[PDB]
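Taking full-length UniProt numbering, I'd label the letters of the sequence shown as residues 3 to 404, 437 to 637, 846 to 885, 915 to 1120, 1129 to 1173, 1203 to 1440. By construction, the Cβ of each residue, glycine as well, lies at the ideal position given by its N, Cα and C atoms.
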Amino acid sequence: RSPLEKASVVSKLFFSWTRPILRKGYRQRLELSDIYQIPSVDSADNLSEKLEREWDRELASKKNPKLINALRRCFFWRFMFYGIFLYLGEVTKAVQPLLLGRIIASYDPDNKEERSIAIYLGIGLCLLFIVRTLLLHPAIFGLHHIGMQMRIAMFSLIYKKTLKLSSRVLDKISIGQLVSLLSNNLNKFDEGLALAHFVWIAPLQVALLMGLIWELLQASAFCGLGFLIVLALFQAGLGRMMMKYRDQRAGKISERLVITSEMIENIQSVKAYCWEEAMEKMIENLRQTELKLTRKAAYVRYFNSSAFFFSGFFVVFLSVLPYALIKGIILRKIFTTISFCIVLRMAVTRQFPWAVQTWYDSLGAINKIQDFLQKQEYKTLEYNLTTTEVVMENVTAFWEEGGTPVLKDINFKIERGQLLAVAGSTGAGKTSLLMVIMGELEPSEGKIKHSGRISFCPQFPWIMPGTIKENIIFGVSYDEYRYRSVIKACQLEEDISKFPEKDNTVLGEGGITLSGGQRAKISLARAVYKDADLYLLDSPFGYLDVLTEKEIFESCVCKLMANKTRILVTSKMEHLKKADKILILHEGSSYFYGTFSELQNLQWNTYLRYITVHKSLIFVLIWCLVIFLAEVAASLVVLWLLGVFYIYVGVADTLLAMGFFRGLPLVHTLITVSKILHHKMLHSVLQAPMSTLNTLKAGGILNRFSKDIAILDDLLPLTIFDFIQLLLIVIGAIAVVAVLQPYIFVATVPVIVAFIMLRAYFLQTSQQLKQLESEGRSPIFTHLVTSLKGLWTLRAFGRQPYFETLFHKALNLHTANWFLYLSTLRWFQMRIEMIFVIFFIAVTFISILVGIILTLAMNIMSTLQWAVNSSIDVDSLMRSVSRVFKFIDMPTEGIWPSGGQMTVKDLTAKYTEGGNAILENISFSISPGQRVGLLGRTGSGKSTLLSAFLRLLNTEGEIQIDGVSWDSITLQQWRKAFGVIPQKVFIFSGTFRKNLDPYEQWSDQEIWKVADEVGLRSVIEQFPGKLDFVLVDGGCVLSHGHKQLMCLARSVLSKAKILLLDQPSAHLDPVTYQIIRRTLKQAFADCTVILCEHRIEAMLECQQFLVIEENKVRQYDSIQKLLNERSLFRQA
Ligand SMILES: Nc1ncnc2c1ncn2[C@@H]1O[C@H](COP(=O)(O)OP(=O)(O)OP(=O)(O)O)[C@@H](O)[C@H]1O
Ligand SMILES: Nc1ncnc2c1ncn2[C@@H]1O[C@H](COP(=O)(O)OP(=O)(O)OP(=O)(O)O)[C@@H](O)[C@H]1O
Ligand SMILES: CC(C)CCC[C@@H](C)[C@H]1CC[C@H]2[C@@H]3CC=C4C[C@@H](O)CC[C@]4(C)[C@H]3CC[C@]12C
Ligand SMILES: O=C(O)c1ccc(/C=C2\SC(=S)N(c3cccc(C(F)(F)F)c3)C2=O)cc1
Ligand SMILES: [Mg+2]
Ligand SMILES: [Mg+2]
């Protein structure tokens, strides 16, 4: 447990509770187990319940609900308490020049105003620093805590809202927009709470400072105020210009995010198609405009950030010269004026615009989140009592809100214990009918009445990340008899037994470990397990062979649940013979409704590697340093004309300030560095081996492409520039001041060496906890992605609270990782402040017990601390560059085809190294121009063989076509001889023409010819733009029977002499399969296809069969030869 729960007031004030973890992490590795727990204040379950109540009251009471009016009622008073503490701690910063000016008047020659007083003031001056230190840091920590609490509460509200979104609203929502929204205010929201209080402190500080200065300059104190007001107007005009270049980049960032995620999810098909070259350019073109906007917005921000270092001369000039004209000036007042003007310049030009910008951004983010919260919701409205019968009459529905209806005049009725089987050609609307039943689709006319309890089995299998037992159970009480019977009747015995961990293995997001014929079985078992009234199954036997389908239908759909009503999407005749009713849709219309009899009768090392990527960075750093060398040599050897050099030193901020000749090129180069880094990282990811790529997850990519690159684009340039500016200011003033007085320069050496040693000591833990928390924010992303993916099988089942609890657990883990760093960085900053005051209690006290050397020592000892803080910020930010380089440094896996004859010798396929060998000593041959038909059971390894042909997985054999082996040619040129049709169809966000070919090498005539040949003429032309419609949501507009057709058209367009057909027809009806056959015969009359289809009527157009069994291949010749040994395959 965290010690903050049980800690004394002084212990919490000194933050001394991070000492044990810091000591452990400095000399040992930090592990998740040895991490402080979470308290009861930061728990999401309570921190969201405290806000949902207020939000609901606002929604039900007000006429114009506001989220800020609900956040105020919770986090107002603590925020105001820390604001008051901040104001009290900052009032003590404008009165420090007053004490220096009332000390200097004492060490004025021959016994000036007060003589026996310097003892009183020389101690109180530095003792006031202790009070400032005590008052400042706790308020900052409290404000950070409040910001983090608001962030987690709003995130939980967003997740609770995102599970009630309608199907209509999901059209405009992409898996990239939400990720970008989270990544924006994931860490820049809670950090800005401290800066938000400087909107009412800066004016009061300005008023107090003006009142103080007026006692020095009678009426000349207002010219400097006028100049500073003009500068503040200029900065406020720069802010609005910067905003315009920030609200246009978000859309491009989201678009790039969705395209990158869609590519990385199924990089397998990209590699098979050899689309990497044409798909890196598609991202580079998008990145160009983002870079242009970022480069335009990184100059205005620099100009805003450089108005403090270029204002320390004009303000002093305008303050002193008008008064010096009428009365001259004294060398005592001319320094108190500068000491006041420094604080005034900071509070006007650095603290006010930052607060204004923070308020603007916070209000904008809150309003955006409120707009997300106020969207259309999904209603159920069903009745929980009936006669256990499902009847709907005269239902007509439109998918799009506006167009052609999808369903019209469909009526049916089924009692309890009956089975209704629906069928029809592709595009008829069977899935839409089941959606109408489920309620995810609102009919425009009609009514559906049935009991609420239903069970769903989607056409596309869904595998949430967890054990097989958890996947099958799906958040209910575990059973031993029902579960075992289901697992036996769904044919999941042998496949589960093959695993080393028998039942509870681990499956990743999407079930990549499992094949395509076992995910369907798991989904069917999950649907069967649930105790519901109606089991609406949407074509469960999609990726199952004929024998498995026959064995499952008679033992799971008619023997296990033969007393509960179930609606099945059929595509065969044996499934209709045993049916109780039949409904044959056609183009969204009830073509038939009746029984089968009537149907029959009817018819360190990162900094050096970061700057050396681009040579212009070195050529600009040398140019920005040698000019500083000349500038500092124009203030050390030209002094023989003067010797009052203290006044000259006092304006070192303006003297050594970077202009627009040495800062603009550096800023411009620092973005080109990020561009090159991102391009190299994307290329190295695209050209990586599959064994290395499979280690990566779907949450480990949006955490490295969305936030990590955004850091390098946005935050690193200006932070590095500011740190460099502070370094130059400190060095070129300490070196100068070491000439006049070399005794006060001595004190700055031990301070610097202690600062560097302590910072390097604390980095030993901040470089392993910061990375821990930066990688610990991936679970929430990877759970949000899958919860959005399974949003239609979640609401149908009813398991919403289970996912809510999972998300709460993930949020708790992230906050537990975050609080430790948020506390240890504060501890180290406060200890730096303490060593500062400890080494400062002596410098003035011993020297006092010239009186103006004190103001220079105090103007240097604060710039040193500011530079130290900037260095800490840069070191914290460079972890992103470190992870970019880690992600780049990855292994690289990298007319001839006339006849197309094959030969394999001693082939071994294994997806991993040292794992189970899927294929062992494979050998066969293929006569050229001869079709070959693969065969086998589920889990045999057909797709494994097809992948081993293209060498996606590591192999140990040789395959040669037309006399050239594997080694004689490169992988990229070898892989171009094959035209594949992957089992997982790939559709990305783009136009139809772009999807059909990314390289854009075929004209619209050539595209239309193939589209009409395959049969997409009636599908492309039903959309507002033919061959120009922007398919989105992963091609969700199309249907499962049209996705396969488009994939086959893509295969036909690209002509190859060898092609690996991996189940060309997955869910196609028998009528549309004639199109597949008329394309196969008339377009593949010269190439040697390798079929994988499970259709018995399709397995007859072959000449050489390959059956995979027990990790070996047997090749037969006659069609009936292989159907005689095993009688099961013939009887089934
Ligand atoms: N990424 C992977 N890593 C390790 N093993 C895998 C991976 N993908 C699949 N397998 C294993 O491969 C075995 C069989 O190979 P594959 O997954 O290609 O199935 P298959 O027999 O071709 O499938 P089907 O006939 O159902 O389409 C499966 O039992 C599974 O354990
Ligand atoms: N989200 C959507 N928005 C707009 N139109 C859609 C959407 N989903 C499907 N459609 C279209 O509406 C019709 C309904 O097709 P649907 O997907 O219901 O067919 P199906 O019976 O499931 O077909 P299949 O044989 O491919 O499984 C099709 O013309 C399809 O292209
Ligand atoms: C924090 C703010 C609101 C407090 C009110 C403004 C303060 C800073 C201003 C208002 C009037 C000012 C005073 C006006 C006149 C004099 C008389 C002179 O012999 C010493 C300075 C002194 C005493 C000024 C000190 C600063 C002063 C007190
Ligand atoms: O509250 C804060 O964050 C805070 C408060 C105060 C400051 C002070 C600063 S910054 C800067 S530059 N100078 C300066 C100006 C002229 C000359 C010199 C010299 F002598 F060192 F060269 C240094 C300061 O005095 C920074 C931050
Ligand atoms: Mg379907
Ligand atoms: Mg397969």
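- Around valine 440, the same chain offers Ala399, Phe400, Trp401, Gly463, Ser466 and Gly622 as residues with beta carbons nearer than 7 Å, after the five sequence neighbours per side are excluded.
- In this structure, the alpha-carbon of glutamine 378 lies about 6 Å from that of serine 168.
- Only buried fits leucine 454, as 16 or more other CB atoms lie within 10 angstroms of its CB.
- Look at the beta carbons and you see the segment 1041-1059 touching the segment 1076-1083: at least three pairs across the two are nearer than 8 Å.
- Residues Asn268, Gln270, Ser271 and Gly550 of the same chain have their beta carbon placed closer than 8 Å to that of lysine 1292, with the five preceding and five following residues left out of the count.
- Residue nearest to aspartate 614 within the set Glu1314, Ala155, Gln1238 and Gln452 is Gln452 (criterion: CA-CA distance).
- For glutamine 1423, the enclosing beta strand (DSSP E) begins and ends at 1421-1424.
- Counting along the chain, the unbroken beta strand (DSSP E) around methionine 1210 starts and ends at 1210-1217.
- Here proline 5 has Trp19 as same chain residues with Cβ atoms under 7 Å from its own Cβ, once five neighbours each way along the sequence are excluded.
- In its chain, beyond the 5 residues on either side, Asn1229, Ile1230, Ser1231, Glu1264, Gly1265 and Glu1266 have a beta carbon closer than 8 Å to the beta carbon of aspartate 1214.
- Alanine 455 is bridged by DSSP to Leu602 and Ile616.
- If the five residues before and after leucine 1156 are omitted, its C-beta is found closer than 7 Å to the C-beta atoms of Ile982, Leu986, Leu987 and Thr990, all from its own chain and listed in chain order.
- In this structure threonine 382 is exposed. Its beta-carbon is surrounded by fewer than 16 other beta-carbon atoms within 10 angstroms.
- For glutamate 1308, the closest of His954, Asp1320 and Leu1335 by C-alpha to C-alpha distance is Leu1335.
- Looking from the CA of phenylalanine 83, the closest CA among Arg59, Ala1031, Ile142 and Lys370 belongs to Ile142.
- Taking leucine 197 as the centre and dropping the five residues before and after it, the same chain places the C-beta of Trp356, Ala357 and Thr360 closer than 6 Å to its C-beta, in chain order.
- Beta-bridge analysis with DSSP links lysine 447 to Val393.
- Counting only residues whose CB is nearer than 7 Å to a non-hydrogen atom of ligand 4, the list in chain order is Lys95, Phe311, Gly314, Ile344, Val345, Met348, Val920, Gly921, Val922, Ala923, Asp924, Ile1000, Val1001, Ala1004, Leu1135, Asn1138, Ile1139, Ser1141, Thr1142 and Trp1145.
- With contacts defined as CB atoms closer than 8 Å, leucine 214 and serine 321 fail to qualify as a contacting pair.
- A contact between stretches requires three or more CB pairs, one per stretch, nearer than 8 Å, and the segment 39-55 fails this requirement with the segment 116-129.
- According to the DSSP assignment, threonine 1396 belongs to the beta strand (DSSP E) that extends over 1396-1399.
- Rounded to whole angstroms, the separation of the alpha carbons of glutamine 1268 and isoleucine 255 is 45 Å.
- A Cβ-Cβ distance of about 7 Å is found for the pair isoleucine 482 and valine 397, placing them in contact under the 8 Å criterion.
- For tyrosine 380, there is no enclosing beta strand (DSSP E), as DSSP marks it with neither H nor E.
- Chain-ordered, the residues whose CB falls short of 5 Å from any heavy atom of ligand 5 come out as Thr465, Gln493 and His1348.
- Secondary structure at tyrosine 577: coil, using DSSP grouped into helix, strand and coil.
- By the 16-neighbour rule on beta-carbons within 10 angstroms, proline 99 is buried.
- For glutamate 873, the three-state secondary structure derived from DSSP is helix.
- Set against 7 Å, the gap from the CB of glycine 213 to the closest heavy atom of ligand 3 is smaller.
- Cβ atoms of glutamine 1042 and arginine 1158 come within 8 Å of each other, at about 6 Å.
- Beyond the five residues adjoining it in sequence on each side, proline 499 comes within less than 7 Å, by CB distance, of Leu541, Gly542, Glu543 and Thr1057 in the same chain, given in chain order.
- About 12 Å separates the beta carbons of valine 562 and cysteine 592, which is beyond the 8 Å limit, so they are not a contact pair.
- The nearest non-hydrogen atom of ligand 2 is less than 7 Å from the C-beta of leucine 1346.
- Distance from the CA atom of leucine 49 to the CA atom of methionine 156, rounded to whole angstroms, is 9 Å.
- If you draw a straight line from the Cα of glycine 576 to the Cα of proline 1290, it comes to about 15 Å.
- Taking the Cβ of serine 573 as the reference point, every heavy atom of ligand 6 lies at 7 Å or farther away.
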